[PDB]
Amino acid sequence: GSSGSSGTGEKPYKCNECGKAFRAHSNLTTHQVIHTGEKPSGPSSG
Ligand SMILES: [Zn+2]
């Protein structure tokens, strides 16, 4: 049998909208584009 695995946090960014995983932050934000909400700035206005 085998044993031994180190858990590192190299990919702290993980898009929880489509199912992806990046390394840097700039990459995530640039990908968040497609996942743009509807008028985020301000209240719900509903
Ligand atoms: Zn995504």
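The residue numbering used throughout counts from 1 along each chain in the order its sequence is written. It may not match the entry numbering, and residues with no coordinates are not shown. Computation of side-chain values covers all heavy atoms of the structure but excludes hydrogens and water.

As recorded in the PDB header, solution NMR is the method behind this entry.

**Regarding the overall build of the protein**
Selection rule: Helix numbers and strand numbers start at the N terminus; a helix is a DSSP run of H or I with at least 4 residues, a strand a run of E with at least 2. Per-residue accessibility, obtained with a 1.4 Å probe over protein chains only, is compared with the maximum for each type, and a residue is labelled buried under 20%, exposed over 50%, and partly exposed between these values. Accessible surface area values rest on a Shrake-Rupley calculation with a 1.4 Å probe, where residue burial reflects the displayed protein chains alone.
What the protein contains, in helices and strands, is one helix and zero strands. The burial tally for the protein puts 7% of its 46 residues in the buried class. As displayed, the protein offers around 4,300 Å² of accessible surface, 46% of which is attributable to carbon and sulfur atoms.

**Digging into the coordination of the zinc ion**
Defined as follows: In this listing, donors mean N, O and S atoms no farther than 2.8 Å from the metal, or 3.2 Å for Na, K and Ca; water is missing from the atoms, so a site can look incomplete. Key to geometry: four donors with every angle between 85 and 135 degrees are tetrahedral; four donors are square planar and six octahedral where opposite donors lie over 155 degrees apart and all remaining angles lie between 65 and 115; all other sites are irregular.
Protein coordination at the zinc ion comes from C15 (SG), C18 (SG), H31 (NE2) and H35 (NE2), with a distance range of 2.0 to 2.3 Å. Around the zinc ion, the four donor atoms are arranged such that angles at the metal cover 101 to 117°; this shape is classified as tetrahedral. Along the chain, the residues that donate to the zinc ion are spaced as C-x2-C-x12-H-x3-H. A residue is classified by how much of its surface remains accessible, and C18, at 41% relative accessible area, is partly exposed.

**Here's the deal with the side chain of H31**
Convention followed: Whether two residues are in contact is decided by their heavy atoms: any pair within 4.5 Å suffices.
Examined against the element boundaries, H31 turns out to sit in helix 1 (residues 25-32). The contacts of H31, once residues within four sequence positions are left out, are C15, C18, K20 and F22.

**Section: the environment of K14**
With respect to the element layout, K14 can be found in the segment before helix 1. On the basis of relative accessible area, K14 is assigned to the exposed category, the value being 56%. Between the alpha carbons of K14 and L28 there is a distance of 7.8 Å; along the sequence they are 14 residues apart. Discounting chain neighbours no more than four positions away, the residues touching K14 are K20 and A21.

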